[PDB]
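Visitor: Chains as they are written, first to last, in the authors' numbering: chain C, 30 to 51, 84 to 162, 167 to 219, 226 to 301, 310 to 377, 390 to 476; chain B, 30 to 51, 84 to 162, 167 to 219, 226 to 301, 310 to 377, 390 to 476; chain A, 30 to 51, 84 to 162, 167 to 219, 226 to 301, 310 to 377, 390 to 476.
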Amino acid sequence: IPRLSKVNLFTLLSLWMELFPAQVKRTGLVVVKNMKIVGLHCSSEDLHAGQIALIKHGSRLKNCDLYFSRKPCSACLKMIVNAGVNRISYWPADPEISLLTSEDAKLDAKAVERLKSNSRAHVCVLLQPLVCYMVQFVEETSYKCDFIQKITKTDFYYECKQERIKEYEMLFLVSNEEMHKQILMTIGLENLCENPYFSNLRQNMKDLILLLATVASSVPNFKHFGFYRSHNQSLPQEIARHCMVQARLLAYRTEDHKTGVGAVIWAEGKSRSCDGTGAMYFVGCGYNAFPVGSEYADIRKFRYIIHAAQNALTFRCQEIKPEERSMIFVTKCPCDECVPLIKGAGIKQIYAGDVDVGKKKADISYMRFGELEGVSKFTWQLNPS
Amino acid sequence: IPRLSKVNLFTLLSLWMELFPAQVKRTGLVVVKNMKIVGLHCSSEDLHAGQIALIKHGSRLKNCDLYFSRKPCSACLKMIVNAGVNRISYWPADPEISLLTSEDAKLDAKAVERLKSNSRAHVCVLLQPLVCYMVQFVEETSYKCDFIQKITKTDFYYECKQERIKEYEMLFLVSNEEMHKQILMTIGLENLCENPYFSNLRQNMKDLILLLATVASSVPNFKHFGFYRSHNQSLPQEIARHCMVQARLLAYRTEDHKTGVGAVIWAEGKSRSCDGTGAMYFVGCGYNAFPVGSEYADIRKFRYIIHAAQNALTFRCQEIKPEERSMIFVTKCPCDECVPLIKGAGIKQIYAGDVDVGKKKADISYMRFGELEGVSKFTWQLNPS
Amino acid sequence: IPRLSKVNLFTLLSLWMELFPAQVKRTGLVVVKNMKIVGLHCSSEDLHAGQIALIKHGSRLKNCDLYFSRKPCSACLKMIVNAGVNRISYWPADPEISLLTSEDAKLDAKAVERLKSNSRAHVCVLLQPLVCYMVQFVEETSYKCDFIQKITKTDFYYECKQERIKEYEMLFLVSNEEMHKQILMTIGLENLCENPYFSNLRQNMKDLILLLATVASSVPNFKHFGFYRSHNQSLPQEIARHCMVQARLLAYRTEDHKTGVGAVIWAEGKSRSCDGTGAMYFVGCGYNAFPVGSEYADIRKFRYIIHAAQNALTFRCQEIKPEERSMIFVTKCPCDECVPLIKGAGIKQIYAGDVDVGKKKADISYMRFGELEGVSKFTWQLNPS
Ligand SMILES: [Zn+2]
Ligand SMILES: [Zn+2]
Ligand SMILES: [Zn+2]
Ligand SMILES: [Zn+2]
Ligand SMILES: [Zn+2]
Ligand SMILES: [Zn+2]
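#1: For the candidate residues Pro133/A, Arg179/A, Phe212/A, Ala154/A, whose alpha-carbon lies nearest to that of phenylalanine 269/A?
#2: Would the beta-carbon of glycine 449/B be found less than 7 angstroms away from any heavy atom of ligand 5?
#3: Along chain A, which residues have their Cβ under 7 angstroms away from the Cβ of residue 481/B?
#4: What residues in its chain sit with their C-beta under 6 angstroms from that of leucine 160/B, if we drop five residues either side in the sequence?
#5: Alpha carbon to alpha carbon, how far is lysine 97/C from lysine 423/A? Give it in angstroms, no decimals.
#6: Is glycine 355/C near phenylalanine 39/C, with beta carbons less than 8 angstroms apart?
#7: Hey, out of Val421/C, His118/C, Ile158/C, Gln312/C, whose CA is closest to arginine 131/C's CA?
#8: I'd like to know if the stretch 136-147 of chain C and the stretch 120-128 of chain C are in contact, where contact means that at least 3 CB-CB pairs between them fall below 8 angstroms.
#9: For the pair the stretch 315-325 of chain B and the stretch 230-237 of chain B, tell me if three or more CB-CB distances fall below 8 angstroms.
#10: Tell me whether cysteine 364/A sits in a helix, a strand or coil according to DSSP, three-state version.
#11: Quick one: any contact between the stretch 417-436 of chain C and the stretch 277-285 of chain C, if contact means 3 or more CB pairs under 8 angstroms?
#12: Thinking C-alpha only, which one of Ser288/A, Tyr375/A, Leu41/A, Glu47/A is nearest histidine 336/A?
#13: Is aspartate 169/C helix, strand or coil by DSSP?
#14: Is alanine 114/A near ligand 6 - that is, is its Cβ less than 7 angstroms away from at least one heavy atom of it?
#15: So which residues on chain B does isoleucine 116/A lean against when the C-beta distance must stay under 7 angstroms?
#16: Grab the span of the alpha helix (DSSP H) containing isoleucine 318/A for me, first residue to last.
#17: May I ask you to list, following chain order, the residues of the stretch 120-136 of chain C that have a beta carbon less than 7 angstroms from some beta carbon of chain A?
#18: If you follow the alpha helix (DSSP H) that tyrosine 442/A is in, where does it begin and where does it stop?
#19: Which residues have a Cβ closer than 5 angstroms to any heavy atom of ligand 6, listed in chain order?
#20: According to DSSP, which residues form a beta bridge with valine 91/A?
#21: Taking 8 angstroms as the threshold (C-beta atoms), are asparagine 37/C and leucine 192/C in contact?
#22: Assign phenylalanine 369/C to buried or exposed, taking buried as 16 or more other Cβ atoms, counted over all protein chains shown, within 10 Å of its Cβ.
#23: Assuming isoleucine 397/C and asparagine 143/B make a contact with CB atoms under 8 angstroms, what is their CB distance in whole Å?
#24: Of all the CB atoms in chain C, is at least one closer than 8 angstroms to the CB of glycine 372/A?
#25: Thinking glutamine 84/C and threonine 162/C are a contact (beta carbons under 8 angstroms), I'd like their distance in whole angstroms, please.
#26: What residues sit near ligand 3, counting only those whose C-beta is closer than 6 angstroms to one of its heavy atoms, in chain order?
#27: What are the uninterrupted segments assigned as alpha helix (DSSP H) that are 4 or more residues long and contained completely in the stretch 393-467 of chain C, given in chain order?
#28: Out of curiosity, what's the CA-to-CA distance linking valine 430/A and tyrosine 198/A?
#29: Say whether the stretch 288-296 of chain B touches the stretch 446-453 of chain C, bearing in mind that this needs 3 or more beta-carbon pairs closer than 8 angstroms, one atom from each stretch.
#30: What residues from the stretch 183-195 of chain B come within 8 angstroms of chain C, judged by C-beta to C-beta, listed N to C?
#31: Please tell me whether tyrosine 375/C has its Cβ less than 8 angstroms away from any Cβ of chain B.
#32: Which residues in the same chain as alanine 51/A place their Cβ atom closer than 7 angstroms to its Cβ, once the five residues preceding and following it in sequence are excluded?
#33: Between which two residues does the beta strand (DSSP E) harbouring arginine 121/B extend?
#34: Quick one: Cα of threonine 405/B to Cα of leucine 115/A, how far?
#35: Report, in whole angstroms, the separation of the C-beta atoms of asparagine 402/C and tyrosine 366/C, which I expect to be a contact under 8 angstroms.
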């Protein structure tokens with residue numbers, strides 16, 4: 030199956046992070094250490110994503126890859142190059158200080178360019194063209210996902232996808248080519264305004280937004296559908320849908336199996352936070368893959396697949412606090428091998444699609460999820476109220 | 030004096046961890094990083110030791126040495142090689158999925178062997194023969210230890232040692248040579264099924280169990296003897320004895336001084352835990368040794396000895412939580428130089444053998460232990476009740 | 030402007046840490094890792110600074126630079142070379158075990178020298194001479210600092232400076248040359264007892280104490296002046320003055336800008352601690368500088396300055412606990428881009444000199460500090476009571 034590019038996932042997550050429910086525009090930020098996600102941040106009303114990551118990580122930002130949905134300002138860029146980040150990837154549409162409003170906006174962008182010149186860190190654009198079948202593969206698997214088939218069992228998806236397309240190009244894309252060229256002049260991307268580089272960048276950006284709208288619509292705000300019980312209190316539906324699209328994006332990094340499963344872990348601290356996500360903070364993410372260092376990565392072969400929940404718990408940037416409410420979002424029903432790990436790790440809530448619940452396959456089982464105690468299970472369904 | 034090897038200590042601690050008081086058999090696990098113990102785990106009713114270590118450490122298992130009392134199954138092995146462990150050492154008697162019950170047990174064992182082929186991590190048997198005088202040295206020093214002499218001052228030890236030999240041979244050894252050969256073939260140890268390698272492995276296994284039964288009997292469940300006050312509530316006697324044997328095993332890594340002292344630090348979390356040890360979790364361990372990076376390691392020379400308690404507090408894998416109940420188990424009375432460190436570190440309880448309490452020797456003193464306030468002191472003695 | 034060197038700052042901070050308000086003399090200790098301060102410790106009634114740092118850091122002392130205000134004893138030195146420190150710097154005066162009282170004191174010093182010979186770590190005197198204009202620059206800028214100018218608005228400073236010179240010379244310097252030679256004879260500094268090395272060491276020692284007495288007097292205990300509101312409860316005035324002199328010393332590491340700003344972050348844990356500072360523990364420190372790894376460090392150029400508060404929050408050795416009271420001490424009023432960072436980081440209290448509060452300069456503003464909510468602001472002023 031086609032696999033989402035590893036830097037394209039980080040670019041897509043930063044765009045999705047900007048859409049996290051809550084002159085200067087909101088920015089999503091993905092912090093990546095050792096090519097593993099260690100931070101998912103969004104701008105707040107008071108602080109920018111780059112300044113939030115400095116508070117959250119500080120000197121731990123050393124040798125980290127930062128993926129911005131908007132080019133960071135001079136104040137943000139100086140603080141992260143001071144922290145020691147190596148790569149700063151940004152989505153080249155409109156920076157933090159909007160250029161579509167200003168003399169100050171151009172001045173700040175000009176100061177960013179000369180800060181980049183006099184610095185070791187690399188401020189660049191790391192979005193890649195997708196595989197020829199990648200968009201169609203995501204579009205087909207978004208029909209077949211748990212959350213869309215659940216609604217079907219009880226045409227709508229295509230309508231929902233089209234509205235997300237119009238909304239997301241309105242936010243992440245500059246429709247007017249002349250405005251985009253002026254932005255690329257201002258943010259030091261002069262090499263990308265000459266064809267075919269201008270058209271290639273614009274088509275690559277539109278392809279990534281089309282894929283993002285496809286994935287976001289696969290967990291849609293359709294009717295009263297949401298995550299309900301089937310602490311014990313559920314997350315807000317807008318937040319729960321957002322974290323499931325995160326896990327769904329992670330599910331497209333799977334290439335070792337025919338079906339991609341994605342998992343993301345989020346926790347809610349019992350205190351005020353500076354992040355735009357609020358008390359919500361990222362814990363860990365993972366997808367279905369083979370063990371790192373194994374020959375499979377380079390009886391059925393599925394037995395050695397590391398599941399999405401296992402990878403999320405393995406490469407976690409934060410510890411699970413017993414006092415805090417922690418959530419794991421799995422694109423499928425957690426299996427008989429993953430449920431004990433989730434309960435053992437202390438995760439309070441499970442948000443998953445229970446299409447395969449109670450099923451016993453040849454090499455995987457989903458029997459322990461139905462009879463799970465001590466962990467709140469929220470599944471995609473109509474509101475019981 | 031004869032010194033226990035590091036791998037032999039780690040192998041013995043994994044066997045001892047399986048005996049931690051609480084088709085698939087229980088497994089003890091020792092996690093070692095940079096030749097320092099960072100985790101002492103045992104299998105629980107719900108999770109295996111390998112799965113527990115993934116929850117406890119996760120990506121921190123990278124380049125960690127894992128010592129299993131039983132060969133881990135395919136689910137455990139794939140997760141730890143995915144985590145990044147380099148060397149997996151197991152006791153070659155009976156794996157997690159018991160082969161003495167099965168087609169599934171053999172099938173899982175065969176799947177483990179081709180993970181070892183298709184992976185970077187090393188699944189080996191780091192078991193070594195003991196020194197010629199090591200067993201006799203341990204047996205002699207077990208007479209002279211504080212806990213045996215405390216009972217003597219108030226023939227029994229040899230009887231206690233003999234029962235542990237029968238019990239531990241029945242648990243960690245395959246007495247029948249034919250079943251042991253079948254296990255070794257099934258777990259990919261065909262090179263150890265031919266003499267003299269078969270006899271050498273079995274004799275070395277029996278030597279390690281005989282030493283383990285000697286050490287375990289030195290802190291015996293004899294009469295009403297235990298650790299009593301002489310938070311503030313004591314540990315369960317079975318747990319306290321187990322942690323003292325851990326420290327006693329660490330005491331045999333000492334070679335810089337004629338007398339070996341061992342210390343281990345354990346704490347109780349105020350929440351549910353997935354480990355087979357329950358809320359108990361390992362904090363740090365150490366023994367009497369010279370400073371690392373000194374000519375002594377490679390004015391009396393004892394004043395340069397780093398004591399067991401100091402080494403335990405130095406190379407601690409966990410921080411001491413003020414809200415938690417933390418315990419240190421010292422094979423002897425803590426000295427006037429270690430008691431301030433234990434109190435300063437915030438350790439709530441001290442379990443020790445106070446044979447030398449109130450004594451002023453040349454390079455060591457034991458006056459501050461008797462007059463210590465703010466720390467609970469539990470010593471080996473008869474129950475005052 | 031003249032700039033204080035790193036080793037001289039660490040040496041001066043260790044001497045200042047000895048003066049932290051609360084046979085064997087009190088010792089201040091600075092723990093430095095990767096040229097960043099990760100620990101500010103002082104001796105307590107029960108424990109020494111070297112033993113406290115072992116409790117505070119343990120194995121994290123590996124490859125750490127330890128700066129002592131007095132030469133550590135044999136017990137302290139063995140534990141820190143065992144922990145793995147790569148360099149021990151001490152103030153070449155009366156050591157931890159005072160030699161001005167003793168056969169035991171001389172015996173311990175001989176044991177320290179023998180341990181140093183048979184060990185990898187370097188026990189040295191990293192004291193350096195100051196720049197020719199360094200003392201006069203500090204003396205001039207101490208007139209112009211916020212705290213001295215605040216009192217002037219509401226001759227006194229020179230009198231206060233002279234008493235600190237007499238007090239600090241009596242504490243950190245050996246006035247008699249004969250006793251100082253005997254100390255240097257005993258502590259293995261035989262090469263510093265011959266002129267001009269003896270006179271160079273003594274003159275450099277007196278120069279550092281004169282600079283320290285100049286910085287300390289710039290935040291003096293003059294009349295009722297202190298830090299008052301203008310949790311919510313203020314620190315003790317002696318503690319607050321001490322931490323601001325720490326930040327003021329950090330302000331003299333600034334050379335990128337004509338005016339030096341320093342910031343230090345301290346937190347108070349809600350539990351007993353072994354340190355001589357009590358529940359107070361060091362969090363982070365910083366000064367005004369250009370980003371690390373930038374051409375500026377090796390559109391106005393001040394826009395790229397990393398402020399003292401931003402550097403303190405970036406290179407912090409501890410996290411800001413929401414339940415704890417955390418304090419930041421800034422030598423000047425925090426600017427409009429540092430106040431959001433301080434509030435975002437969760438720092439409860441700000442101690443600063445609000446000379447520039449409410450001022451709007453070309454490239455810096457101080458408008459958000461006056462209208463700050465949720466953070467306690469304590470400024471240098473007379474007691475309102
Ligand atoms: Zn910004
Ligand atoms: Zn699974
Ligand atoms: Zn297993
Ligand atoms: Zn001791
Ligand atoms: Zn000392
Ligand atoms: Zn500032």
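Just so it is clear, CB atoms sit at the ideal spot from N, CA and C, and this is done for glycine as well.
Guide: Short version:
#1: Taking the third sequence and counting its residues from 1, the one referred to as residue 269/A is at position 198. Per the Cα distances, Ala154/A.
#2: In the second sequence, counting from the first residue as 1, residue 449/B sits at position 358. Not under cutoff, so the answer is no.
#3: Nothing in the structure corresponds to residue 481/B, since chain B is present only between 30 and 476.
#4: Sequence index remark: in the second sequence, residue 160/B carries index 99 (1-based). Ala170, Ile254, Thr257, listed in sequence order.
#5: Translated into the one-based positions of the third sequence, residue 423/A becomes position 332. Translated into the one-based positions of the first sequence, residue 97/C becomes position 36. Distance between the alpha carbons of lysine 423/A and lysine 97/C: 39 angstroms.
#6: Start at 1 with the first residue of the first sequence, and residue 355/C comes out as number 276. Start at 1 with the first residue of the first sequence, and residue 39/C comes out as number 10. Taking 8 angstroms as the Cβ cut-off, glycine 355/C and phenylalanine 39/C do not qualify as a contacting pair.
#7: In the first sequence, counting from the first residue as 1, residue 131/C sits at position 70. With distances taken between Cα atoms, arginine 131/C lies closest to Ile158/C.
#8: yes
#9: no
#10: Position 285 of the third sequence, counted from the first residue, corresponds to residue 364/A. Residue state, collapsed to three classes: strand.
#11: no
#12: Here residue 336/A refers to the residue found at position 257 when the third sequence is read from its first residue. Among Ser288/A, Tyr375/A, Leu41/A, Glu47/A, the Cα nearest to that of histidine 336/A is on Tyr375/A.
#13: Residue numbering aside, residue 169/C sits at position 104 when the first sequence is read from its first letter. Reduced to three states, the DSSP call for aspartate 169/C is helix.
#14: Along the third sequence, read from residue 1 onward, the residue named residue 114/A stands at position 53. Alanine 114/A: no, Cβ never under 7 angstroms from ligand 6.
#15: Taking the third sequence and counting its residues from 1, one reaches residue 116/A at position 55. The contacting residues are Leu404, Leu432, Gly435, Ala436.
#16: What you label residue 318/A is simply residue 239 of the third sequence in a count that begins at 1. Element bounds for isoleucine 318/A: 316-329.
#17: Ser120, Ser135, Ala136
#18: As a position in the third sequence, residue 442/A is number 351, starting the count at 1. First-last for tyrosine 442/A: 440-443, but that is the beta strand (DSSP E), not the alpha helix (DSSP H).
#19: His398/A, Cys426/A, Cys429/A
#20: On the third sequence, residue 91/A is found 30 positions in, with the first residue counted as 1. Answer by DSSP bridge pairing, in chain order: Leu101/A, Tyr128/A.
#21: Taking the first residue of the first sequence as 1, we reach residue 192/C at position 127. Taking the first residue of the first sequence as 1, we reach residue 37/C at position 8. In this structure, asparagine 37/C lies closer than 8 angstroms to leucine 192/C by Cβ.
#22: Within the first sequence, residue 369/C is the residue found at index 290, counting from 1. By the neighbour-count rule (16 or more Cβ atoms within 10 Å), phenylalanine 369/C is buried.
#23: Numbered from 1 along the first sequence, position 306 holds the residue referred to as residue 397/C. Numbered from 1 along the second sequence, position 82 holds the residue referred to as residue 143/B. That pair is a contact at about 5 angstroms.
#24: For the purposes of this step, residue 372/A is identified with residue 293 of the third sequence, where counting begins at 1. For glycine 372/A, the answer is yes, since a Cβ of chain C falls inside 8 angstroms of its Cβ.
#25: On the first sequence, position 23 is the one that residue 84/C refers to. On the first sequence, position 101 is the one that residue 162/C refers to. Sure, about 6 angstroms apart at Cβ, within 8 angstroms.
#26: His109/B, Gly111/B, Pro133/B, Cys134/B, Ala136/B, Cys137/B, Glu157/B
#27: 399-405, 430-436
#28: The residue labelled residue 430/A in the question sits at position 339 within the third sequence. The residue labelled residue 198/A in the question sits at position 133 within the third sequence. Approximately 33 angstroms, taken between the alpha carbons.
#29: no
#30: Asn183, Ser184, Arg185, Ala186
#31: Within the first sequence, residue 375/C is the residue found at index 296, counting from 1. Yes, contact with chain B.
#32: Residue mapping note: residue 51/A aligns to position 22 of the third sequence, counting from 1. If we look at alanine 51/A and ignore the five residues flanking it on each side, its Cβ neighbours are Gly355.
#33: Taking the first residue of the second sequence as 1, we reach residue 121/B at position 60. Segment: none, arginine 121/B is in no beta strand (DSSP E) and carries neither H nor E.
#34: Counting from one through the second sequence, the residue named residue 405/B turns up at place 314. Counting from one through the third sequence, the residue named residue 115/A turns up at place 54. The straight-line gap from Cα to Cα measures roughly 6 angstroms.
#35: Counting from one through the first sequence, the residue named residue 402/C turns up at place 311. Counting from one through the first sequence, the residue named residue 366/C turns up at place 287. Sure, about 6 angstroms apart at Cβ, within 8 angstroms.
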